[PDB]
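Please find one structure pasted underneath; my questions will follow.
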Amino acid sequence: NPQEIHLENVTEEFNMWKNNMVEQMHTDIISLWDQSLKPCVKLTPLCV
Amino acid sequence: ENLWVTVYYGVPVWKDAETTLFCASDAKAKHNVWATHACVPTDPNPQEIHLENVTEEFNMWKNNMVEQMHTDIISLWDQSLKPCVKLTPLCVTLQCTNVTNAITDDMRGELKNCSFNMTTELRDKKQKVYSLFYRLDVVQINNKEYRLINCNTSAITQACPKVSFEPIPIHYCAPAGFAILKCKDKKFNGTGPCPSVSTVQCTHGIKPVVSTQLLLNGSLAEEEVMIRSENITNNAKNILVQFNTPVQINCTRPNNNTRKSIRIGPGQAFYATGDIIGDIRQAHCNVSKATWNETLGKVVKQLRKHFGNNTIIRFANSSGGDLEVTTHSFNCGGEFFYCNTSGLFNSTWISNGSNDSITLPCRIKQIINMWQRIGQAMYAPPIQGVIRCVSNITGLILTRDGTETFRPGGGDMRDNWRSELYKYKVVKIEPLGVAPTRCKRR
Amino acid sequence: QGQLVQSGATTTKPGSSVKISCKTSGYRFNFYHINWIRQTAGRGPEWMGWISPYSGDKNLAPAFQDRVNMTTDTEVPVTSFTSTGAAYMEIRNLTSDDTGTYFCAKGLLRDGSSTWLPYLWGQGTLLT
Amino acid sequence: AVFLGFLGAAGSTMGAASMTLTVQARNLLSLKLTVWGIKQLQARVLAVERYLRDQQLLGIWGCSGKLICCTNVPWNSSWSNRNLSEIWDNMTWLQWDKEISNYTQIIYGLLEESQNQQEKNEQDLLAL
Amino acid sequence: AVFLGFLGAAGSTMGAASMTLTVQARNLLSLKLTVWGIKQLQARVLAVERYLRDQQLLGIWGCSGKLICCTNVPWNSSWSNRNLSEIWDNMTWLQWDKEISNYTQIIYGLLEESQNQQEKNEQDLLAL
Amino acid sequence: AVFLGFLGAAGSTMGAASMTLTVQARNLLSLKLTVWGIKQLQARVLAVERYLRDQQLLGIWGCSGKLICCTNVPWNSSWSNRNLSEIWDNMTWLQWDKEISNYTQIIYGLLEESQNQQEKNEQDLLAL
């Protein structure tokens, strides 16, 4: 039940180009990839 | 008469305790090994509250801040050398000659022009590259064949050349509910009851400089020149003197080096020492003979207080040991100097220059071994250009032999942190206080 | 606890100026005043004056207003609550009528209405 | 006025320091896993734990949100036979805790059940 | 007396266990990242979270620092039609929670607004 | 009735939103070290820290467990010369904090010592 509460009479200022959620997601996704590729095979012998 | 228990919350009473101390630093933004960018910013108003009428007991030789800083600095290095290149292919047979003969007898061999076969980006194809290695980093085989000094004992890891070995002042802080107590006694010994005490949330700026024999870029005394040892009558306890005047030292490696990147594999690049532009000179340090003679006399006066006005004390050079402890080893702009100090501790003083300075012949290493565990060492990558740092000498690390003779040393890293954390002490607040009065509930 | 060892009981003659010492122990010397009391034979016991080992502020009776110099040196920390101090007493236009036993006594409390009250005394010193 | 700062009255008398309790009360509480990051996280969880252990004891005594709460547990003179004037106008909170340290656990139980029984009495009184 | 220990009265009657509340109240709350270190840190943050969720509900009901607080919410007999003697002198706190479990969320709201309105009434009464 | 939800009265008048305080009060607080695990642990320690800093200020003001507590600090009109009807029946809590923001630190000290002195007065009144 994804609760959404409407803020009547409220007017807020937004700025997607300074938003931090996009800066936090940008690094989380990169960390999720670094974490998943950590235990996998290092194909250094393929450089032949 | 009619007295009941009354609870008080927020009473000024503390007990000695050991806790985890976090780091504070000042805004500067590349990145240093000490990760001072990962510390909380220090308040531009370092609040100090004077504890009037308070007399606290201190004991720098049981202090835990020096034991915590000793391990933090080691962890900061382990963390920074973690993602850097493992130079295991460098442990290969080296064909070495002297680089550019005709200098001054046993000096052509102090640094060698070594060529060796090396892996490439393709595992099946080799490359014959060369590199300039110092003599202190190679050993013979018994022909002109050499190998790196570390190969039979320790793996090697070159520092990521983007990190900076420059010490940045660190502020150790106590968590909420704890306090740091500063002994504001200008003639404090390190132990015993300190009459003037103040409390601070964070310590002052403490540069994590790791030197030997000579304490560099440290804090100065305000009165006289103190001398600190736990059992001064014991000859096996290092004496940690601390000047009040800074005796300046000027160190330099005048060779204009070149860094030649060598790819040892996909992504891996070993930074070799290409060649030397210009003259092949000798690295050294200068210290004003006048100021060093004056400051060496102050230590003599303060040493008389523990051995008598009539006795004679003598300064001799190091009596042996590893290379890091027999020389004034330190870090200057990236390269690790190893300065002979026989010209600084060669003086006898009785019971009771002025123009030139005394120079210090310094050698240079690149494969510096670890100071704690064995089986680990670091390759300091070569620094391009001319290196010349100017620093203060604020203390020493001497050693008695049991008329008196004092020689320097001190391979222990925590002795450096005792020289800055002696005036600090960690306590925990216990704000609960019960006491009697003629007050009763309801 | 607390002790206040006093000086020697030597004697002089009128016109001179003697110094009396009072060495403290077992208590923080800075936390309590130091009083000087005189027990003459031809007069009732007289309070000469107290001085603060912490603030240096002195206060004496008008009978000793410009004739007595009270000084104390700083203490030496022994433990967190123990120190050692010393208090000094002098007389100016001195005669033989001030003969008697001289005592030093530290203050009673650190705050309140009986702060300086001579509580812990010394063994006394005989004079001329 | 004065305002000696955080712990500024640590050398002051117990009655003097008992007026600057808010000073120490407000300083009792105010993610990358690096060597500094793990260090700072430990400093954060430790502060909230120590702060809430004291607030827990303050709660099981009926002293929630009180800097000075009075109880109903009488003062057993075997804890300290000192008088009020020689405690609040003499000793400091540091040395007081030094001589009351043995009995601090005995008192913490007497206050704990005196509050458990008081709230049982208050429920009986409001049952009518 | 008795003192059954932590949870010692878990099998006792609700009226009997309601006298040993401090026993359970004080046990509700009392860095290397190894497999044991991460384990211990989780045990620490979990304990403070669970402790403060109960103190939060205890606060929005006007029961801060109370082991036994009385409210103004009347007992809807549809929750439990049992009498007082067959509850406090019969059931245990375990089986009581077993049959009142459905309505525990209904009651938690009635106590929450009864305190919000009471503090609004108290402000109106002190407005004169 | 109404029940606008969490922050539902953020655009409502200060007097209207002052009746839905429990709504925001209960939402202020409710181990593998992976990139998500470290993220969640930071969210947990941050919530308890922010919650207890407000409860700490609420304690050093004598407002423990109170949604609406009245103080003894008079309203310096230099903070806001607005009348009651043009505040509670006009402004919203958001814009009110916008114009009282400069003096929020001044007020936080006046409430802190007014509670320290009140509990000192209450102890003196129960001393007889």
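In this document, chain identifiers A, B, C, D, E and F correspond to the written order of the chains, with residue numbering beginning at 1 in each.
In this text, a contact is a pair of C-beta atoms (placed from the backbone, for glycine too) under 8 Å apart; a residue touches a chain by one contact, two chains touch by 3 or more.
Of all the chains, the one whose CA centre sits at the greatest distance from that of chain F is C. Annotation, chain D versus chain E: rotation angle of 120 degrees from the Cα superposition, expressed as a multiple of 5. Two chain pairs, C-D and B-F, are weighed by contacting C-beta pairs, with C-D ahead.
Between chain D and chain F the centroid-to-centroid distance comes to 25 Å (mean Cα coordinates, whole Å). One inter-chain figure worth recording: chain B and chain E are separated by 56 Å, centre to centre, where each centre is the mean of the chain's CA atoms. Between chain B and chain C the centroid-to-centroid distance comes to 53 Å (mean Cα coordinates, whole Å). Within chain F, contacts with two or more other chains are made by residues 33, 39, 41, 45, 48, 52, 64-65, 123, 126. Counting partner chains per residue, chain B has residues 6, 20, 53, 55, 437-441 touching two or more of them. Contact with two or more other chains is made by residues 80-81 of chain C. Of all possible chain pairs, those that touch are A-B, A-F, B-C, B-D, B-F, C-D, D-E, D-F, E-F. Against chain E, the residues of chain D that register as touching in their complex are 33, 38-39, 41-42, 45, 48-49, 52-53, 56-60, 62-65, 112-113, 115-116, 119-120, 122-123, 126. The touching residues of chain B, counted against chain C in their complex, run 53, 55-57, 192-195. Interface residues of chain B, counted against chain A in their complex, comprise 121-124, 265-266. Across the interface of their complex, chain F is touched by residues 3, 5-11, 28, 31-32, 35 of chain A. Looking at the complex, you find that chain F touches chain B at residues 123, 126-127.
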